[PDB]
């Protein structure tokens, strides 16, 4: 009857999601309501700033997207997906979109601020995580993917760079740039090279199974300290991914290796998460036998690593980036393209 409680939790979560999916929150703040403090991150799409909402004094991470760059990069549809989805979802290991708005030049997404840093920085410093440490994080992603997939969402960008550590040592998935709501197959080449399932590389038409492959990549990297498929250039990584070979460090437990062989499975009829038992082939695997799935959800397990608190607006867990100034044009750009934002 564990399974019946999960079903009804998920049915209730779908009614909650669909209301917001159908009637999206829109224009819920303005730039002028925020004091900009420091640039705390950038990707190849825009830039993220620590801001302070002046009316409440709360700190947030504000993603700024230049509409003209989104259009030139052909990321219109993905950006509409990203915001529509993130404003609709509600799960403990998903970063919260607090406000969104746009002006003549930019789109803005204001999310909860996580001063503890990304998993990526902690992993590189420490080298690798212990099996128990990796398992605590992996558990949160298993639940998160069970949630997302139940809403017909594919995530498509799992990696330590997209996982932030909150003040209890739990994680939040924090970038929804390539998330999509789709029934059936989708075809876009997207993701991060090290994490791409073979059916993406091969232009084959794919589904949520790509997320579970990616979870295998994450668990491997967390526990080894390096990815299962690495090379100096992407085409060399793809050749390795599509070969069907993986080698495991000698310190990997036999249960870990068996899990990973089932997730890093080129054969879609055999990949864990994509069989008739679904996510339960994972949650019941021997590597997960000590994981109390409900206690993880409720955040009652003691975290293996709590980042040291230094203030709600401290930025010492992020690198320094060059400051650039936000320029807002007196003419509206790309109005029609982003009307639903």
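Positions refer to the first chain, counted from 1.
- Per the PDB record, of the two stretches 305 to 313 and 289 to 297, 305 to 313 carries the greater mean B-factor over its C-alpha atoms.
- Taking the PDB entry as given, 248 to 256 carries the higher mean Cα B factor of the two stretches 175 to 183 and 248 to 256.
- Across the residues 156, 270, 102, 159, the deposited record lists the maximum Cα B factor for 270.
- In the deposited entry, the Cα temperature factor of residue 18 places it in the lowest third of its chain's modelled residues.
- In the deposited entry, the Cα temperature factor of residue 48 places it in the middle third of its chain's modelled residues.
- In the PDB entry, residue 106 places in the lowest third of its chain by CA B-factor.
- Residue 204: CA B factor lies in the highest third for its chain, per the PDB record.
- Among the modelled residues of the chain, residue 279 sits in the highest third by CA temperature factor in this PDB entry.
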